[PDB]
Amino acid sequence: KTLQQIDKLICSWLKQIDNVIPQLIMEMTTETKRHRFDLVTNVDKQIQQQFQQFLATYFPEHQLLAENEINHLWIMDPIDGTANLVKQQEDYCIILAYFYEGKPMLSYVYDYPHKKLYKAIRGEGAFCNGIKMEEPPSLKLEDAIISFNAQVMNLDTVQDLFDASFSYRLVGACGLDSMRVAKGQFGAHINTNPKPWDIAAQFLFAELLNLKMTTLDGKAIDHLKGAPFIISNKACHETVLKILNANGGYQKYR
Amino acid sequence: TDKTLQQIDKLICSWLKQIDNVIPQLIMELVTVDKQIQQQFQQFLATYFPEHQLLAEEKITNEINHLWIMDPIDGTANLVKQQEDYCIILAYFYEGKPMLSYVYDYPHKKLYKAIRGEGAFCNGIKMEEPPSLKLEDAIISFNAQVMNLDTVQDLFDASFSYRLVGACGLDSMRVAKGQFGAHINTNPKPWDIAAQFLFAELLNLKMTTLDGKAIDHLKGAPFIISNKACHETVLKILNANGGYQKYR
């Protein structure tokens, strides 16, 4: 009811990042700083600062989980698809997810480069540039195209996943690979090691569209934590898990 | 003297703007369309270009003076499964020499063209040669399902990361745009790569057989379109330890 309010403000914010990204892309560099393995840039740090400030201006009580039992929580990946941002300047996205007392309420994956807004509102629907998304038609794995990082599983399980499925594509940002699943464009997407902000938005998309979104053990995921994960068409979920979990695991070593 | 290059470019870009009307219906509700586009353009050559001939997936050699090559849609799998990341490819060659090329990324409303003597463009904005990418600094795109795992592993290790769009024309433009370091297709049909010749010429890229050799633009060959700075490292990995072909 006042979700309409919060949506109006988020949309105002996403619209104005338009006029802040191209200057940040043109003056772009990388930092290794404050990070074990992952790459960060000046773009995402700024979009974050910008969203923290949005939170300060409008929702002084709301808290930001970004780079337990709190009532108003936002989880943000200012730039999902960092390698893509740096190397291609395409196929990155901004992910925001809103949780009221642990229940997902609003979600956003904004594909800036292609100008596409995915949003999920509880009690309204899921939306892609204001056109309503519905439950994708049933996809069985041999009919489905799937998406995963192939450098990160033993080469043997990659080859079963190749064989069980129609084909293989990779976009390289969780949010974007996940949305393709949501649109019926892919059968499933797998991330073996997600950060919370990499997957946060997809809970609500998954719920409203009847997607299967689980850990790779098939168990339900804690949105504050994140585990190795799959978002899938309901018709190829069990087949994917089953392949991933055969012959002592999909892990790359041993 | 024959049609001007310009006047032909103007004709092609309209003919492409008339078609953002052959989708829909197609998508909505086969496919192999694509004869429907093939033929629509067969009409185009008849109405406007008496002498010109077209090579497309079906229905010979130099010295044919005015030839076009066309993949009415490159990314069939993509069109069929995703309705996205497919493109129209067109190449005009004059007594053997690539004169004009088009790769039209329909779903993202991006027409890439290459014009001999003027340059390469996306939507009319000019494309410059992309920056030097060593392979450790570059993303590579190739179908990993169609090589043996040893050579895929090394491609994985040598490079920055791996992505795949699933349409030869689109993956090749990523290389053209400096977004990818290389794209490899080990079994193209002439229409999967026709356009890229002039892009690679105008944008100082390397396009060759996997033997690092001149491709016969009339027939297939296993192929690579690549940034100048990683072209050789990529080739070496592909021809190492007995080669790239998967077996049992």
# chains A, B, ... in the order shown; residues from 1 in each chain; ligands from 1

call {"tool": "closest_atom_pairs", "arguments": {"of": "chain B", "to": "chain A", "cutoff": "9 Å", "atoms": "only C-alpha atoms", "output": "tab-separated table"}}
result
residue	atom	partner	partner_atom	distance
B:77	CA	A:167	CA	8.5
B:78	CA	A:185	CA	8.6
B:81	CA	A:185	CA	5.9
B:82	CA	A:185	CA	4.2
B:83	CA	A:185	CA	7.6
B:84	CA	A:185	CA	8.5
B:108	CA	A:114	CA	7.1
B:137	CA	A:87	CA	8.6
B:138	CA	A:87	CA	7.4
B:139	CA	A:87	CA	7.5
B:143	CA	A:168	CA	8.2
B:144	CA	A:168	CA	8.7
B:145	CA	A:162	CA	6.8
B:149	CA	A:155	CA	6.9
B:153	CA	A:151	CA	7.8
B:156	CA	A:151	CA	6.6
B:157	CA	A:151	CA	8.7
B:160	CA	A:83	CA	9.0
B:161	CA	A:83	CA	8.2
B:162	CA	A:170	CA	8.1
B:163	CA	A:170	CA	5.3
B:164	CA	A:169	CA	5.3
B:165	CA	A:169	CA	6.1
B:166	CA	A:169	CA	6.6
B:174	CA	A:88	CA	8.0
B:177	CA	A:88	CA	8.4
B:178	CA	A:88	CA	7.4
B:179	CA	A:88	CA	4.3
B:180	CA	A:88	CA	7.2

call {"tool": "residues_around", "arguments": {"residues": "residue 96 of chain B", "least_positions_apart": "4", "cutoff": "8 Å", "atoms": "only C-alpha atoms", "output": "list in words"}}
result
residues 62, 63, 64 and 65 of chain B

call {"tool": "select_by_dssp", "arguments": {"residues": "segment 56-239 of chain B", "states": "strand (DSSP E)", "output": "compact mmCIF listing (two decimals) with N, CA and C atoms, in the first residue's frame"}}
result
# COMPACT_ATOMS: atom_id res chain seq x y z
N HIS B 66 29.53 -9.40 -58.72
CA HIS B 66 28.75 -8.82 -57.61
C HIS B 66 28.06 -9.88 -56.76
N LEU B 67 28.67 -10.21 -55.62
CA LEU B 67 28.12 -11.22 -54.71
C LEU B 67 27.76 -10.68 -53.33
N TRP B 68 26.64 -11.17 -52.80
CA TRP B 68 26.29 -10.94 -51.40
C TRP B 68 26.25 -12.28 -50.69
N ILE B 69 26.62 -12.25 -49.42
CA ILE B 69 26.43 -13.38 -48.57
C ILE B 69 25.63 -12.95 -47.34
N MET B 70 24.70 -13.82 -46.96
CA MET B 70 23.69 -13.52 -45.99
C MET B 70 23.34 -14.71 -45.11
N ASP B 71 23.36 -14.46 -43.80
CA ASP B 71 22.68 -15.30 -42.83
C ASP B 71 21.49 -14.51 -42.32
N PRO B 72 20.28 -14.84 -42.81
CA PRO B 72 19.10 -14.05 -42.52
C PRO B 72 18.89 -13.98 -41.01
N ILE B 73 19.26 -15.05 -40.31
CA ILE B 73 19.46 -14.94 -38.87
C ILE B 73 20.52 -15.89 -38.37
N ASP B 74 21.53 -15.28 -37.77
CA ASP B 74 22.62 -15.95 -37.13
C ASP B 74 22.29 -15.97 -35.65
N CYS B 87 21.13 -12.25 -34.98
CA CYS B 87 21.41 -11.11 -35.82
C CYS B 87 21.27 -11.45 -37.29
N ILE B 88 21.24 -10.41 -38.11
CA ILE B 88 21.19 -10.55 -39.54
C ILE B 88 22.59 -10.21 -39.98
N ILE B 89 23.18 -11.06 -40.83
CA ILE B 89 24.52 -10.83 -41.36
C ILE B 89 24.46 -10.65 -42.88
N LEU B 90 25.17 -9.64 -43.37
CA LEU B 90 25.18 -9.34 -44.79
C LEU B 90 26.56 -8.88 -45.21
N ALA B 91 27.09 -9.47 -46.28
CA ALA B 91 28.34 -9.01 -46.81
C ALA B 91 28.26 -8.83 -48.30
N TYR B 92 28.75 -7.70 -48.76
CA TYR B 92 28.86 -7.47 -50.18
C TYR B 92 30.32 -7.52 -50.58
N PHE B 93 30.60 -8.27 -51.63
CA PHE B 93 31.94 -8.44 -52.13
C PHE B 93 31.93 -8.07 -53.59
N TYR B 94 32.96 -7.35 -54.03
CA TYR B 94 33.08 -6.93 -55.43
C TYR B 94 34.34 -7.47 -56.10
N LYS B 97 36.37 -8.80 -53.38
CA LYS B 97 36.80 -7.90 -52.29
C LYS B 97 35.62 -7.38 -51.46
N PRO B 98 35.64 -7.61 -50.13
CA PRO B 98 34.59 -7.19 -49.20
C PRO B 98 34.33 -5.68 -49.30
N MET B 99 33.18 -5.27 -49.80
CA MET B 99 32.93 -3.85 -49.95
C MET B 99 32.04 -3.24 -48.86
N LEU B 100 31.07 -4.01 -48.38
CA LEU B 100 30.15 -3.57 -47.32
C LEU B 100 29.77 -4.78 -46.48
N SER B 101 29.58 -4.53 -45.19
CA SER B 101 29.15 -5.53 -44.24
C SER B 101 28.20 -4.94 -43.17
N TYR B 102 27.30 -5.80 -42.70
CA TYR B 102 26.26 -5.45 -41.76
C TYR B 102 26.09 -6.64 -40.83
N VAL B 103 26.05 -6.35 -39.54
CA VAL B 103 25.62 -7.31 -38.55
C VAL B 103 24.58 -6.54 -37.74
N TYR B 104 23.32 -6.96 -37.85
CA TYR B 104 22.23 -6.22 -37.25
C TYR B 104 21.69 -6.95 -36.03
N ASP B 105 22.08 -6.43 -34.87
CA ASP B 105 21.64 -6.91 -33.58
C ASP B 105 20.25 -6.38 -33.42
N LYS B 110 20.72 -2.34 -32.67
CA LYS B 110 22.07 -1.94 -33.01
C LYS B 110 22.50 -2.51 -34.36
N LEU B 111 22.60 -1.62 -35.35
CA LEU B 111 23.13 -1.99 -36.67
C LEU B 111 24.63 -1.68 -36.77
N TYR B 112 25.46 -2.71 -36.81
CA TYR B 112 26.88 -2.55 -37.13
C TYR B 112 27.10 -2.61 -38.65
N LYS B 113 27.76 -1.60 -39.22
CA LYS B 113 28.10 -1.62 -40.65
C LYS B 113 29.57 -1.32 -40.91
N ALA B 114 30.06 -1.79 -42.05
CA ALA B 114 31.45 -1.58 -42.42
C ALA B 114 31.45 -1.18 -43.88
N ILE B 115 32.08 -0.05 -44.17
CA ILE B 115 32.04 0.50 -45.50
C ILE B 115 33.47 0.78 -45.93
N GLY B 119 34.63 3.58 -43.18
CA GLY B 119 34.86 3.08 -41.84
C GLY B 119 33.87 2.08 -41.31
N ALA B 120 33.95 1.83 -40.01
CA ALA B 120 32.98 0.97 -39.33
C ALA B 120 32.12 1.78 -38.33
N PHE B 121 30.84 1.42 -38.24
CA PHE B 121 29.90 2.16 -37.41
C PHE B 121 28.94 1.28 -36.63
N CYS B 122 28.57 1.76 -35.46
CA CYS B 122 27.42 1.25 -34.75
C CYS B 122 26.40 2.38 -34.71
N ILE B 125 27.49 5.92 -35.35
CA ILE B 125 28.66 6.41 -34.61
C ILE B 125 29.85 5.53 -34.93
N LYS B 126 30.99 6.17 -35.18
CA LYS B 126 32.20 5.50 -35.68
C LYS B 126 32.92 4.58 -34.67
N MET B 127 33.36 3.43 -35.17
CA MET B 127 34.12 2.49 -34.37
C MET B 127 35.61 2.67 -34.65
N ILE B 139 38.70 -11.34 -22.36
CA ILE B 139 37.68 -12.35 -22.26
C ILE B 139 37.61 -13.09 -23.57
N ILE B 140 37.49 -14.41 -23.50
CA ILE B 140 37.34 -15.17 -24.75
C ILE B 140 36.00 -15.86 -24.84
N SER B 141 35.53 -15.97 -26.07
CA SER B 141 34.24 -16.56 -26.40
C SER B 141 34.47 -17.63 -27.42
N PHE B 142 33.97 -18.82 -27.11
CA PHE B 142 34.09 -20.02 -27.98
C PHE B 142 33.13 -21.05 -27.43
N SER B 161 38.63 -14.23 -18.58
CA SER B 161 37.40 -14.95 -18.27
C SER B 161 36.74 -15.45 -19.57
N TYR B 162 35.65 -16.17 -19.39
CA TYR B 162 34.99 -16.82 -20.47
C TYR B 162 33.52 -16.37 -20.50
N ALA B 182 38.95 -12.57 -28.08
CA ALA B 182 38.80 -13.41 -29.28
C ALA B 182 37.46 -14.13 -29.39
N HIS B 183 37.11 -14.54 -30.61
CA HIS B 183 36.03 -15.46 -30.78
C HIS B 183 36.43 -16.56 -31.75
N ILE B 184 36.10 -17.80 -31.41
CA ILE B 184 36.50 -18.98 -32.15
C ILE B 184 35.29 -19.79 -32.49
N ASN B 185 35.20 -20.20 -33.74
CA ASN B 185 34.16 -21.05 -34.27
C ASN B 185 34.85 -22.02 -35.17
N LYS B 206 42.60 -9.42 -36.35
CA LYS B 206 43.03 -10.65 -37.02
C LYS B 206 41.87 -11.64 -37.18
N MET B 207 41.64 -12.07 -38.42
CA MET B 207 40.64 -13.08 -38.72
C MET B 207 41.29 -14.09 -39.66
N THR B 208 41.38 -15.34 -39.23
CA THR B 208 42.10 -16.36 -39.97
C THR B 208 41.57 -17.73 -39.59
N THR B 209 41.88 -18.72 -40.43
CA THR B 209 41.81 -20.14 -40.08
C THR B 209 42.48 -20.32 -38.72
N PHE B 223 37.66 -21.18 -37.42
CA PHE B 223 38.01 -19.76 -37.50
C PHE B 223 38.20 -19.03 -36.17
N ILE B 224 38.95 -17.93 -36.25
CA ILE B 224 39.13 -17.02 -35.15
C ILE B 224 39.11 -15.54 -35.60
N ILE B 225 38.27 -14.76 -34.92
CA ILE B 225 38.30 -13.31 -35.03
C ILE B 225 38.86 -12.75 -33.74
N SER B 226 39.98 -12.05 -33.84
CA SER B 226 40.76 -11.76 -32.65
C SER B 226 41.48 -10.44 -32.65

call {"tool": "residues_around", "arguments": {"residues": "residue 250 of chain A", "least_positions_apart": "5", "cutoff": "8 Å", "atoms": "only C-alpha atoms", "output": "ChimeraX atom specification"}}
result
/A:153-154,157,244-245

call {"tool": "residues_around", "arguments": {"residues": "segment 97-103 of chain A", "least_positions_apart": "4", "cutoff": "6 Å", "atoms": "only C-alpha atoms", "output": "PDB file with N, CA, C and O atoms, in the first residue's frame"}}
result
ATOM      1  N   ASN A  71      14.206  -5.151  10.992  1.00  0.00           N
ATOM      2  CA  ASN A  71      12.878  -5.128  10.381  1.00  0.00           C
ATOM      3  C   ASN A  71      12.790  -4.558   8.959  1.00  0.00           C
ATOM      4  O   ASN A  71      11.994  -5.036   8.142  1.00  0.00           O
ATOM      5  N   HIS A  72      13.607  -3.544   8.685  1.00  0.00           N
ATOM      6  CA  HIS A  72      13.638  -2.903   7.393  1.00  0.00           C
ATOM      7  C   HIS A  72      15.023  -3.034   6.756  1.00  0.00           C
ATOM      8  O   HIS A  72      15.924  -2.233   7.051  1.00  0.00           O
ATOM      9  N   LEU A  73      15.202  -4.010   5.864  1.00  0.00           N
ATOM     10  CA  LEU A  73      16.536  -4.278   5.337  1.00  0.00           C
ATOM     11  C   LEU A  73      16.637  -4.209   3.844  1.00  0.00           C
ATOM     12  O   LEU A  73      15.803  -4.770   3.132  1.00  0.00           O
ATOM     13  N   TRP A  74      17.692  -3.559   3.374  1.00  0.00           N
ATOM     14  CA  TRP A  74      17.971  -3.473   1.947  1.00  0.00           C
ATOM     15  C   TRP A  74      19.232  -4.227   1.630  1.00  0.00           C
ATOM     16  O   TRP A  74      20.236  -4.063   2.339  1.00  0.00           O
ATOM     17  N   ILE A  75      19.204  -5.057   0.590  1.00  0.00           N
ATOM     18  CA  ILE A  75      20.431  -5.703   0.175  1.00  0.00           C
ATOM     19  C   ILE A  75      20.756  -5.280  -1.226  1.00  0.00           C
ATOM     20  O   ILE A  75      19.948  -5.433  -2.156  1.00  0.00           O
ATOM     21  N   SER A 107      11.938  -6.030  -5.255  1.00  0.00           N
ATOM     22  CA  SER A 107      13.236  -6.394  -5.836  1.00  0.00           C
ATOM     23  C   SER A 107      13.463  -5.750  -7.182  1.00  0.00           C
ATOM     24  O   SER A 107      12.510  -5.499  -7.929  1.00  0.00           O
ATOM     25  N   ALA A 200      20.154 -11.800  -3.798  1.00  0.00           N
ATOM     26  CA  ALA A 200      19.094 -11.291  -2.936  1.00  0.00           C
ATOM     27  C   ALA A 200      17.782 -11.004  -3.661  1.00  0.00           C
ATOM     28  O   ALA A 200      16.728 -11.438  -3.202  1.00  0.00           O
ATOM     29  N   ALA A 201      17.838 -10.276  -4.775  1.00  0.00           N
ATOM     30  CA  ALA A 201      16.618  -9.890  -5.501  1.00  0.00           C
ATOM     31  C   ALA A 201      15.823 -11.085  -5.954  1.00  0.00           C
ATOM     32  O   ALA A 201      14.625 -10.958  -6.146  1.00  0.00           O
TER      33      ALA A 201
END

call {"tool": "residues_around", "arguments": {"residues": "residue 225 of chain A", "least_positions_apart": "2", "cutoff": "12 Å", "atoms": "only C-alpha atoms", "output": "PyMOL selection string"}}
result
chain A and resi 65-66+68+75+193-200+215+220-223+227-229

call {"tool": "select_by_dssp", "arguments": {"residues": "segment 20-244 of chain A", "states": "alpha helix (DSSP H)", "output": "number ranges by chain"}}
result
A: 21-26, 42-58, 82-87, 155-164, 174-182, 196-199, 202-209, 237-244

call {"tool": "residues_around", "arguments": {"residues": "residue 49 of chain B", "least_positions_apart": "4", "cutoff": "12 Å", "atoms": "only C-alpha atoms", "output": "PyMOL selection string"}}
result
chain B and resi 2-4+7-8+11-12+41-45+53-54+66-68+92

call {"tool": "atom_distance", "arguments": {"atom1": "atom CA of residue 194 of chain B", "atom2": "atom CA of residue 56 of chain B"}}
result
10.8 Å
